[PDB]
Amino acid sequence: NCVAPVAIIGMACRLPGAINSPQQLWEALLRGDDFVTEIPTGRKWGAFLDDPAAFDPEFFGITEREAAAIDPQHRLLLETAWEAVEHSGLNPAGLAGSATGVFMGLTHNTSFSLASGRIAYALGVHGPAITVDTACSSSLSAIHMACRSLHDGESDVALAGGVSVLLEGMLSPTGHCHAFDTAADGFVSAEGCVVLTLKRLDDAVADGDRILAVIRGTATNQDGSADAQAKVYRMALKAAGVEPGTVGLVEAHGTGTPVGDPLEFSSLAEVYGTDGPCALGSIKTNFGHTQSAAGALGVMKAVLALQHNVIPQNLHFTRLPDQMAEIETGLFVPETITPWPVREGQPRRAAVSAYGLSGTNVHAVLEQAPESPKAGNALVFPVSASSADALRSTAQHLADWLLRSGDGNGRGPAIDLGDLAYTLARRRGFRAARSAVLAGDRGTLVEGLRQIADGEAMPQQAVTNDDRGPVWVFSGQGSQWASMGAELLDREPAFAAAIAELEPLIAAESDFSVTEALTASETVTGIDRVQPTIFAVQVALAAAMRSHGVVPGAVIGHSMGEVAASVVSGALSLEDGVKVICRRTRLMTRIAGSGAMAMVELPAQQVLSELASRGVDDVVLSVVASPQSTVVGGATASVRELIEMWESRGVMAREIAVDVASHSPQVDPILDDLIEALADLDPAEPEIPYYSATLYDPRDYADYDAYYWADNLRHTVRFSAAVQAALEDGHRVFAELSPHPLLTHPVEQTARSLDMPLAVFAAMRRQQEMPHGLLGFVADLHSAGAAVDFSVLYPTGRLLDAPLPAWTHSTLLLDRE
């Protein structure tokens, strides 16, 4: 009523016995596992984490030395809190800048809430960052503060939890929390970490999150170990606005102490158990007293108990204490797996409590989450981890998870691969070491994951952080091959649509069918046909990628490639692009067979010097695509003369087979007619960043008019300079849209010369088998870190609890202690 209802959209835990997830916890509670043991010989009873010092510092951008100096408590909160965010189905990168509050509890050794601050900084969120000492308060205090923070609106999302790490009200000499059993030995300390992800219910429902349960209300109180705590329950119930008779479960403090259990059982009897049997449980029978994590851990049990119909049994119980036995309470301790009491069409409700030594008593009232009621095509399954080793473990764990279900006597129904892909692609964060399996069924997906796990498939190290689209590289002539467009025309509707639109346009200009050329049993050959056909594929590829949610962050053209680059960037209409490429080639026909071109293995500046010192002016620099390779062009006799001069000197120089010696003086006699033919162009500003290989400065303003295309044909192809500029502006993923990669190596050579990292890919290659169209290409780009709007491929789907990525853990501890 009074306070706003809070939805629990996600939760994570790091607990003894390698229980590192809600599902693992649920199964453990059903088996009735006792995690209390003797003291380990690594550091009389207690439940301990396998390695509380384990941490993945590089993932958070911290050095090993600093991480070693950081409190192990803080490190556990960081990783556990991160898991709680991803378990909510939230890409943690998406939280940046949001009003996300952080409320953590721990034991401290002029107030600096550093532990919560680390989490806030790691997520790049703004909002309250509060820590609390659970010796000066309760372990539910953080969760209480989080709910009121949401209510007051100072937070829109809230991470709430606690952690306990043992560094060595009396104790149980047997070493067990016997609950409210007549045994009543005492309690036992324990380690653990739990974090809840909270959001206002109305926001959760609106944003379409998966609600685990609802916190209707909470309350805190000061006791100057008391019976007057009876009011604390009423305060919470009043804030929650619910009758206690409707509460069929109470995860009590359940310390198992002689003085506190009857005292607690007595105060609970006043409020709960009036009508119907209300279960009374304590997870401390399983995990002992996890201190600051006990409250959150208790909630996690209640939430899980609310989701399923069953209630997990308490351990170490046989008989109530004779003193508190004769009361007419419906309260009963579960000894086995007990179904949920009420069938009166009321949502299941539970309550949790936790009392501090200082007399701080906190109580919370919960309710179950609101109810909300062809095949064969391949899907992309993004899988990543902070390291190659971690990815192999991750792939293995996901594979086992898939194989665990899909079986009778297991989770009966098969895991929906459509929802899984949706989860991994849209409801998860992406990490450094990446892979992306392509599969249309479970079998091929498992095999794909095995290959990763067994070290057969190698991971891609992302070179950028999914913040920008890739660079489309448009190459020139010479990539064509027989029936190069055939398979994509059948497999990529967007590719076929783009070609279908181009078909009549190119026909009107050049009088031939581009579709026919792309499906012919022989490679396209005619001067009139080759470049327009290549241009068509390039535009079609870009359209197909856009239909998969991949838009370029920039474009770079090479010679004729600049035409498609101009269209894709929006500088020229589709119609004008056709006019340019078609009318160019029609005029270039007039000079076919004149002049020659040759590749020489020298830097452009050296070549330019030798041409000048030798008085050569009928041969010029035609292409500078790499810092160590140059193409010259001009008079046939002069070119072949230079080749021999270089060859005899030990320099590799090889003539290139070309119809037209473009980018040389040989194209002069058609430039005027070209300029006249392109008089009617209507260019616009490019919407995508465009690095020109025509202009003497790749960042300069391009007009894309008649004179620009004249210069594009006549002047040097400065591809290397354009790639350099793109790298300087932060672009890292380069992908060639063409029938076959002609420029991927030149790009690499340019990047290497500048000591610049990058990832280069090819959309198509000669005789490539493409049964899944360009989805493999999409997968590779994402794995490199290129931005991909996965809402296109996966507009809708259900959130699945696929295992969270394995961490890259290294044991970090300060010496001498």
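The first residue of the shown sequence is 1; numbering continues from there.
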Gap between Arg43 and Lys44, counted in deposited residues with no coordinates, falls in the class 10 or more
As the entry stands, the deposited residues without coordinates between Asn409 and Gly410 add up to none
Higher avg CA temperature factor (235-243 vs 315-323, as deposited) belongs to 315-323
Once average C-alpha B-factors are taken from the entry for 565-573 and 149-157, the winner is 149-157
Entry record, C-alpha B-factors for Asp416, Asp185, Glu685, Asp467; the maximum is at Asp185
From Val102, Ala230, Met545, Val578, the top C-alpha temperature factor is at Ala230
Sorting the chain's modelled residues by C-alpha B-factor and splitting them into thirds places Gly448 in the lowest
Tertile call for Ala378 (CA temperature factor, within chain, third-based) is the middle
Tertile call for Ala806 (CA temperature factor, within chain, third-based) is the lowest
For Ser475, the third of its chain by CA B-factor is the lowest
Of the three thirds of the chain ranked by Cα temperature factor, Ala68 occupies the middle
